[PDB]
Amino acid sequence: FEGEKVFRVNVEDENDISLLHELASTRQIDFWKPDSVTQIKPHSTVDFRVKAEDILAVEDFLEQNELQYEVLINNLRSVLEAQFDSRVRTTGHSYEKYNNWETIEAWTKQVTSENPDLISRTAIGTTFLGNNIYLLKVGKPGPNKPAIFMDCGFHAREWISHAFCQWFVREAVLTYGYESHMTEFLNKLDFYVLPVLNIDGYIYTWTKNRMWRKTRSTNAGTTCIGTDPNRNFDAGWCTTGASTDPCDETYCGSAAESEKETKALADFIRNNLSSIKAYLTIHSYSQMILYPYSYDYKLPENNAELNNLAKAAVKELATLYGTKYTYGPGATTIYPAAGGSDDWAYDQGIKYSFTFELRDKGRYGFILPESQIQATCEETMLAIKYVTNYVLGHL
């Protein structure tokens, strides 16, 4: 990644959109925000990574076509080399470092072993490569308990999301019995926490390509690997904002739930639907709380409720470090995109369904340094606990 840059471009009108589409047809562009040229809406900004050999051609294109831009990251190599800046020295698990899959997997076994009265672990299925997909149930044992479901690591490169699910579990077990809200939460409900969904992809970001997003499944008739798991669910599947080309980063897959990982998640949720009252899915970056719908311009029946809940959660998050989040329906932040898990869960009857996009706002983008894990998780905890308390009181 030596000499690679990440650009941000201001798009005003449809002319700017088709210009970016033409640029992306001329050079290989890795869209960071949103996920593809096809998800770009008028009056927004767009972030994308450019290869070293393409920097001058891209800059020339932006300048001569009068697209206003800035360089977010001047040398991606420098940012990548600076990501591992944790002051915690150890080769084992740390909640303040990014942990590889072998380490996270060992952590799921250990944290469960150490806290059997608060945590149980199951494997809800296996990935394309045969890795167990672990799910942790966090709560004091009891009958007929409602549940909140939270997943992290849909997208391989969004490392802060995987880190957050681990932090959440730590907070649940260490504050139970000591902080009144968490104590009430674990007594009355369970959290189902899926710390990494896209395990094969996550491994790939550690071993071969830090910028990988998709699953690692094969596709018929092409060398292009993987499906976008957040375009693989049965929600207006593959009708908008995605791609039928396996070589695209938003490939919807060969069918809804074609991926072992997404099928395992959808099966678990269907099998547990009477219990699950909220669905929370954790991503990065851009500091947003989004709710349905993304697949269509239509609004959910309880739009006013979801908007108010999102507003309150965003305000609660800001109380800690002043971090600013935006919020709203998915289809107001990007061009409509089909096949999302938050939309799917909502259409199953789960009335509280939210996507969280964590820090930052583009300074480091996906490559958030370890030194920000703690503050990111701390403030995010406030929003999650706020949503939990709301859900508990609105059963």
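Quick note: we count residues from 1 along the sequence shown, nothing fancier.
The deposited model assigns a higher average Cα B-factor to 324-332 than to the other stretch when 345-353 and 324-332 are compared. For the segment pair 138-146 and 153-161, the entry gives 138-146 the higher mean B-factor, averaged over Cα atoms. Per the deposited record, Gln83 carries the highest C-alpha B-factor of all listed residues (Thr127, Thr223, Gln83, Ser258). The entry assigns its greatest Cα B factor, within the set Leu194, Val169, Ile269, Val79, to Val79. Among all modelled residues in its chain, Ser25 ranks in the highest third by Cα B-factor. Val50 sits in the middle third of its chain by CA B factor, as recorded in the PDB entry. The entry lists a Cα temperature factor for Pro292 that places it in the middle third of the chain's modelled residues. Remark: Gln372 belongs to the middle third of its chain, ranked by C-alpha B-factor as recorded.
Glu184: CA B factor in the middle third of modelled residues in this chain (values from the PDB entry).
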